[PDB]
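Novice: Take this structure, written in structure tokens, and hold onto it; I'll ask about it next.
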Amino acid sequence: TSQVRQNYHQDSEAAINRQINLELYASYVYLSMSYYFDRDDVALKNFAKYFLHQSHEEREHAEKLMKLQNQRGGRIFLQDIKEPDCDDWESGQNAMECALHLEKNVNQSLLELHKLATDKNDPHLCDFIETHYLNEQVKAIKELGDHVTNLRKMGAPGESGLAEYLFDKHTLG
Amino acid sequence: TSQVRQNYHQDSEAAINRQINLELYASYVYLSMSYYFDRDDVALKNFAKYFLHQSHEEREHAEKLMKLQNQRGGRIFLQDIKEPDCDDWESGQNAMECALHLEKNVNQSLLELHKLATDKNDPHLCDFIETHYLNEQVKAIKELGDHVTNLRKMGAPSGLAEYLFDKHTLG
Amino acid sequence: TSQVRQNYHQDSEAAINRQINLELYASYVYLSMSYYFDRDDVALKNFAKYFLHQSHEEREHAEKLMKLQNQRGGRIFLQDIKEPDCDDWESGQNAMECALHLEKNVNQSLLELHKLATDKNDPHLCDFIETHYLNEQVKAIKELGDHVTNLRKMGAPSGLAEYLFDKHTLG
Amino acid sequence: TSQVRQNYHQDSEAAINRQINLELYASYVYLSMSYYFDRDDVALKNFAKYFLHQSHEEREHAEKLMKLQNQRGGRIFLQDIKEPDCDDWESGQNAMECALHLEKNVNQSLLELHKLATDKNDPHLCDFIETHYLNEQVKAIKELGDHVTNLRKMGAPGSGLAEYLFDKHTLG
Ligand SMILES: [Cl-]
Ligand SMILES: [Cl-]
Ligand SMILES: [Fe+3]
Ligand SMILES: [Fe+3]
Ligand SMILES: [Fe+3]
Ligand SMILES: [Fe+3]
Ligand SMILES: [Fe+3]
Numbered sequence: 006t007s008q009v010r011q012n013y014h015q016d017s018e019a020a021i022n023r024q025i026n027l028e029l030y031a032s033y034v035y036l037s038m039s040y041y042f043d044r045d046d047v048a049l050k051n052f053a054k055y056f057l058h059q060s061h062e063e064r065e066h067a068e069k070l071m072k073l074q075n076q077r078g079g080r081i082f083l084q085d086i087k088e089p090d091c092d093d094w095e096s097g098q099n100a101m102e103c104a105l106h107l108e109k110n111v112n113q114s115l116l117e118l119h120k121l122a123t124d125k126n127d128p129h130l131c132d133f134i135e136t137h138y139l140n141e142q143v144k145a146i147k148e149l150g151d152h153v154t155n156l157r158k159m160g161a162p169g170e171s172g173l174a175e176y177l178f179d180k181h182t183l184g
Numbered sequence: 006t007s008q009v010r011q012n013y014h015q016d017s018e019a020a021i022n023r024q025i026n027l028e029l030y031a032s033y034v035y036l037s038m039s040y041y042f043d044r045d046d047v048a049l050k051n052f053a054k055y056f057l058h059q060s061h062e063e064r065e066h067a068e069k070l071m072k073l074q075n076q077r078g079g080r081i082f083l084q085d086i087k088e089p090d091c092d093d094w095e096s097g098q099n100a101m102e103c104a105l106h107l108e109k110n111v112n113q114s115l116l117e118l119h120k121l122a123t124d125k126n127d128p129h130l131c132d133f134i135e136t137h138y139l140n141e142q143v144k145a146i147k148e149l150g151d152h153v154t155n156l157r158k159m160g161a162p171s172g173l174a175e176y177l178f179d180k181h182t183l184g
Numbered sequence: 006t007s008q009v010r011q012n013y014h015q016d017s018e019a020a021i022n023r024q025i026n027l028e029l030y031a032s033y034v035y036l037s038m039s040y041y042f043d044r045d046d047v048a049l050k051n052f053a054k055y056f057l058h059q060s061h062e063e064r065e066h067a068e069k070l071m072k073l074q075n076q077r078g079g080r081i082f083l084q085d086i087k088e089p090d091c092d093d094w095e096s097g098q099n100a101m102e103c104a105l106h107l108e109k110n111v112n113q114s115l116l117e118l119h120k121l122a123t124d125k126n127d128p129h130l131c132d133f134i135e136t137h138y139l140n141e142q143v144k145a146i147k148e149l150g151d152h153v154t155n156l157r158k159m160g161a162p171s172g173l174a175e176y177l178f179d180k181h182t183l184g
Numbered sequence: 006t007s008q009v010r011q012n013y014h015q016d017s018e019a020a021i022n023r024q025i026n027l028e029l030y031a032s033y034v035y036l037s038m039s040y041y042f043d044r045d046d047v048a049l050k051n052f053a054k055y056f057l058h059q060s061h062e063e064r065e066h067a068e069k070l071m072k073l074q075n076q077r078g079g080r081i082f083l084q085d086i087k088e089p090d091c092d093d094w095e096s097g098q099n100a101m102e103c104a105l106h107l108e109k110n111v112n113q114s115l116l117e118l119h120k121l122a123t124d125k126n127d128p129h130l131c132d133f134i135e136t137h138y139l140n141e142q143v144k145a146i147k148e149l150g151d152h153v154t155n156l157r158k159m160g161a162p163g171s172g173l174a175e176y177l178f179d180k181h182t183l184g
């Protein structure tokens, strides 16, 4: 037992390690999407910047969980970061929709983590999750929904060939 | 009677209280419209900001009338602020047209208030209305007509029209 | 159902809409009090400013809840904003006591909202309430209690208490 | 007949001259009140400076009316400035009530002026009065009402602290 460990359940420690893996996977997914849009046959430079920014943000999320693990006296256990679902994301609107699904998945995992934390009467963990992750997920999900809605209304794939270009310039640029 | 009251008719006092309520109602309508555009399935950020700004401006018009009522020694009476007609404004052009309708309604109320003030030989009230409200209304109504016209000509409910208008006119 | 909605109970959506109406009501009450102290037969300018500031804060609270409603994927439904209980608030201490009662009623509404969010295992909502509302309410309630206590001790309805408190505390 | 005169009724010209005299009279009244509060047995410095400022503003209102008379082609006719109704203004509250009565009388004269201007179809004069005088009067009157209300609620002579505290904390 660590000299700092107090009121920290083995289940919470394990769940935190799982969340670390999931944030790493999300970073990887966003990296994949970013360089999809860097392809010369896709060439949407602001989509690529947007997703690269998201990837680095997810990496930070994971590092903050690793820090938390150590603060509470748990022990980090790392697993394979699995390859993203695909290498071709097929359009700006589809990439946005995939990111929305990903972030809702991460949110669900964090909500189950919070529920585990309350069931184990770990207020520090409940507040850590509320303070640093829950509103971030809500804000991210809302932003992705707004982006999907706009691409949809614009006719993005294919209805209007200007849609992805204009959205890249005026929303993501 | 108030120690400040001079040449201020009870009909004018009553009309000023009605106008106060109308300005507060306009503020409420604009707040409703603004957050309609903040929905994730509408997502037009500059429409939402535009209408929020108009909402705060309407609140300011109401408070200027409350100050005026007190300045002349009338007494403020507040009524319920009615909920707006819709919670769904359906489109950027529809909301712009509803705003134009609302602004012409407010203007007609202000013109009737000026006609009342004229009948009561209240030049201070006439000039209050002229100075602070009449050209404000004319400018608002011209701006809204301009907006409606551009959204019309752009083909707005072309799927790009609301997007582009939000970016380049309101943004 | 909204594309963004997740772990957001229908009951919580309805409670947030009721809270929006209550915050707007508080804004209306504070506006009414503020311009009570603006009339020439009351004439306490800093009481007026204080209550006007509170009115604008309450409007901000309402708008933040509408933003929240949209963020979570619910739909804003607006209703009449009821006229305040009085148009004449009769004294500075009485207005401060009415404001205390109002803030306590808002706080009780927020506490019931938090309990509902706890029952529905919505930790995002619980922290929204804890972050933006609960301690602001405790601070507002203590500040109002402070004001009431000083006005009570100064002998407020001594003819000087209201004037002195208006200058030396609310100035 | 002035080379600049246009749409300017003789009646309006006469009424402008009467207004000039009234504004100068108001200035004189305020001067009187100011130095009442400067005497050693009254000794309220901020009452004194408030009413002095009021006097100087009244003189400005008079001079602007003289400018208008000349702008429109009228001829200024000046008359005795009457001595004020009182040498002793009795108290801070009483002086503010007298100031309130004075401004309400000037306001009534201005409203009668605007009515005459309306009747003679003189929109330039109507707007001169609206722009420079009507809301000035409304604001002055509301201010004096506020002051009277506070003094009387403080138990001012119409508590021996009320005049002192009002002089320090409101007129300071
Ligand atoms: Cl002529
Ligand atoms: Cl003091
Ligand atoms: Fe994350
Ligand atoms: Fe918390
Ligand atoms: Fe308005
Ligand atoms: Fe509030
Ligand atoms: Fe004058």
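Chains G, K, B and A, in that order, give the protein sequences.
For the first sequence, the positions run 6 to 162, 169 to 184 when the entry's author numbering is used.
For the second sequence, the positions run 6 to 162, 171 to 184 when the entry's author numbering is used.
For the third sequence, the positions run 6 to 162, 171 to 184 when the entry's author numbering is used.
For the fourth sequence, the positions run 6 to 163, 171 to 184 when the entry's author numbering is used.
Ideal Cβ positions, reconstructed from N, Cα and C, are used throughout, including at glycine.
1) Got a sec? Which residues, its chain only, sit under 6 Å from residue 248 of chain G by beta carbon, not counting five neighbours each side?
2) DSSP on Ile86 of chain K, reduced to helix/strand/coil?
3) Just to confirm, are residue 165 of chain K and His152 of chain K a CB contact at a threshold of 7 Å?
4) Can you give me the Cβ contacts of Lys180 of chain B inside the same chain, cut-off strictly under 6 Å, excluding the 5 residues immediately before and after it?
5) Would you say the segment 128–140 of chain B touches the segment 128–147 of chain A, given that touching needs at least three Cβ pairs under 8 Å?
6) Which residues neighbour ligand 3 when neighbourhood means a C-beta less than 6 Å away from any of its non-hydrogen atoms? List them by chain order.
7) For ligand 1, list every residue whose C-beta falls under 6 Å from any of its heavy atoms, going in chain order.
8) Should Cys91 of chain G be labelled buried (16 or more other beta-carbon atoms within 10 Å of its own) or exposed?
9) Work out the CA separation of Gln8 of chain G and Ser39 of chain K for me, nearest whole Å.
10) Measuring alpha carbon to alpha carbon, tell me which of B:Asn155, B:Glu175, B:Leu27, B:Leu149 ends up nearest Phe82 of chain B.
11) Roughly how many angstroms separate the alpha carbons of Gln76 of chain K and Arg44 of chain B, rounded to a whole number?
12) Among B:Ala20, B:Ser37, B:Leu183, B:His119, whose alpha-carbon lies nearest the alpha-carbon of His137 of chain B?
13) Can you tell me where the alpha helix (DSSP H) with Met71 of chain B in it begins and where it stops?
14) If you reduce the DSSP assignment to three classes, tell me which class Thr123 of chain A lands in.
15) Give the DSSP-derived three-state secondary structure of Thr6 of chain B in the structure shown.
16) Determine, using beta carbons only, whether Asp46 of chain B comes closer than 7 Å to chain A.
17) Report whether the distance from the Cβ of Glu141 of chain G to the nearest heavy atom of ligand 4 is below 6 Å.
18) For the putative contact between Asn12 of chain K and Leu115 of chain A, defined by C-beta atoms under 8 Å, what is the C-beta separation to the nearest angstrom?
19) Taking CB distances under 7 Å as the criterion, tell me whether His129 of chain B reaches chain G.
20) Hey, would you say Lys158 of chain A sits closer than 7 Å to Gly172 of chain B, going by beta carbons?
21) State yes or no: is the beta carbon of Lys180 of chain B nearer than 7 Å to at least one beta carbon in chain A?
22) With ligand 2 as the reference, list in chain order each residue whose Cβ lies under 6 Å from any of its heavy atoms.
23) In angstroms with no decimal places, state the Cα-to-Cα distance between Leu49 of chain A and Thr6 of chain K.
24) Does DSSP put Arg80 of chain G in a helix, in a strand, or in coil?
25) With a CB to CB cut of under 7 Å and the five nearest residues on each side skipped, what residues in its chain are close to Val34 of chain A?
26) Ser17 of chain A and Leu139 of chain A look like a contact to me (Cβ under 8 Å); what is the Cβ gap, rounded to whole Å?
27) Give the straight-line distance between the Cα atoms of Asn51 of chain G and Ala53 of chain K, rounded to the nearest whole angstrom.
28) Looking at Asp93 of chain B and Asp85 of chain K, is the spacing between their C-beta atoms short of 7 Å?
29) Quick check: what's the CA-CA separation for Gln15 of chain A versus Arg80 of chain A?
30) Please report the straight-line C-alpha distance between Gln142 of chain A and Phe56 of chain K, rounded to a whole angstrom.
31) Under a three-way DSSP split, which group does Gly97 of chain G fall into?
32) Quick one: list the residues of chain B neighbouring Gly160 of chain A, beta-carbon separation under 7 Å, in chain order.
33) Report the residue from A:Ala67, A:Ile21, A:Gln98, A:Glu65 whose alpha carbon sits nearest the alpha carbon of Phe42 of chain A.
34) Where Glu63 of chain K and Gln24 of chain K are concerned, what is the direct C-alpha to C-alpha distance, given to the nearest angstrom?
35) Anything in chain G within Cβ reach of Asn12 of chain B, meaning under 7 Å, just list it in chain order.
Specialist: The relevant details are as follows:
1) This structure does not reach residue 248 of chain G, given that chain G is present from 6 up to 184, and the question cannot be answered.
2) As a first step, residue 86 of chain K is located in the second sequence; it is residue number 81 there, counting from the start. Strand.
3) Between 162 and 171 the numbering of chain K has a gap, and residue 165 of chain K falls inside it, with no coordinates.
4) Against the third sequence, residue 180 of chain B aligns to sequence position 167. So no residue of the chain qualifies.
5) no
6) G:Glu28, G:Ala31, G:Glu63, G:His66, G:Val111
7) A:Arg10, A:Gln11, A:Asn12, A:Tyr13
8) Taking the first sequence and counting its residues from 1, one reaches residue 91 of chain G at position 86. With fewer than 16 other Cβ atoms within 10 Å, it is exposed.
9) For the purposes of this step, residue 39 of chain K is taken as residue 34 along the second sequence, with counting starting at 1. For the purposes of this step, residue 8 of chain G is taken as residue 3 along the first sequence, with counting starting at 1. Cα to Cα, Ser39 of chain K sits roughly 54 Å from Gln8 of chain G.
10) Along the third sequence, one-based indexing puts residue 82 of chain B at 77. Of the listed residues, the one whose Cα sits closest to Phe82 of chain B is B:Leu27.
11) In the second sequence, counting from the first residue as 1, residue 76 of chain K sits at position 71. In the third sequence, counting from the first residue as 1, residue 44 of chain B sits at position 39. Roughly 8 Å between the two C-alpha positions.
12) Translated into positions along the third sequence, residue 137 of chain B becomes position 132. With distances taken between Cα atoms, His137 of chain B lies closest to B:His119.
13) By one-based count along the third sequence, residue 71 of chain B stands at place 66. Where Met71 of chain B is concerned, the enclosing alpha helix (DSSP H) stretches over 50–76.
14) Working through the fourth sequence from its first residue, we reach residue 123 of chain A at position 118. Correct three-state label for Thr123 of chain A: helix.
15) For this step, residue 6 of chain B is matched to residue 1 along the third sequence. In this structure, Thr6 of chain B counts as coil in the three-state DSSP scheme.
16) Residue mapping note: residue 46 of chain B aligns to position 41 of the third sequence, counting from 1. Closer than 7 Å: yes.
17) Taking the first residue of the first sequence as 1, we reach residue 141 of chain G at position 136. For ligand 4, not one heavy atom lies less than 6 Å from the Cβ of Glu141 of chain G.
18) As a working mapping, residue 12 of chain K is identified with position 7 in the second sequence. As a working mapping, residue 115 of chain A is identified with position 110 in the fourth sequence. So it is not a contact: roughly 10 Å between Cβ atoms.
19) Looking up residue 129 of chain B in the third sequence gives position 124. By this cut-off, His129 of chain B is an interface position.
20) Counted from its first residue, the fourth sequence places residue 158 of chain A at position 153. Counted from its first residue, the third sequence places residue 172 of chain B at position 159. Result yes, Cβ atoms of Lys158 of chain A and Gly172 of chain B sit closer than 7 Å.
21) Looking up residue 180 of chain B in the third sequence gives position 167. It does; some Cβ of chain A falls within 7 Å.
22) B:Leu177, A:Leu177
23) Looking up residue 49 of chain A in the fourth sequence gives position 44. Looking up residue 6 of chain K in the second sequence gives position 1. Rounded to the nearest angstrom, the two C-alpha atoms are 31 Å apart.
24) Translated into the one-based positions of the first sequence, residue 80 of chain G becomes position 75. Looking at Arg80 of chain G - three-state DSSP - the assignment turns out to be coil, as it is neither helix nor strand.
25) Residue 34 of chain A sits at position 29 when you count from the first residue of the fourth sequence. Contacts found: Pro89, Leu107.
26) For this step, residue 17 of chain A is matched to residue 12 along the fourth sequence. For this step, residue 139 of chain A is matched to residue 134 along the fourth sequence. The Cβ separation is near 16 Å, so there is no contact.
27) Counted from its first residue, the first sequence places residue 51 of chain G at position 46. Counted from its first residue, the second sequence places residue 53 of chain K at position 48. Taking the straight line joining both Cα atoms gives about 24 Å.
28) For the purposes of this step, residue 85 of chain K is taken as residue 80 along the second sequence, with counting starting at 1. For the purposes of this step, residue 93 of chain B is taken as residue 88 along the third sequence, with counting starting at 1. No; because the gap between Cβ atoms is not below 7 Å, this pair is not in contact.
29) Looking up residue 15 of chain A in the fourth sequence gives position 10. Looking up residue 80 of chain A in the fourth sequence gives position 75. Each residue's alpha carbon lies about 10 Å from the other.
30) As a first step, residue 142 of chain A must be located in the fourth sequence, where it is residue number 137. As a first step, residue 56 of chain K must be located in the second sequence, where it is residue number 51. Those two C-alpha atoms are separated by around 37 Å.
31) For the purposes of this step, residue 97 of chain G is taken as the residue at position 92 of the first sequence. The answer is helix: DSSP assigns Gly97 of chain G an H, G or I state.
32) Reading the fourth sequence from its first residue, position 155 is the one you call residue 160 of chain A. Those within 7 Å of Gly160 of chain A in chain B are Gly172.
33) For the purposes of this step, residue 42 of chain A is identified with residue 37 of the fourth sequence, where counting begins at 1. The candidate whose alpha carbon is nearest that of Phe42 of chain A is A:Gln98.
34) Counted from its first residue, the second sequence places residue 63 of chain K at position 58. Counted from its first residue, the second sequence places residue 24 of chain K at position 19. Taking the straight line joining both Cα atoms gives about 11 Å.
35) The residue you call residue 12 of chain B lines up with position 7 of the third sequence. Under the 7 Å cutoff, chain G gives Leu116.
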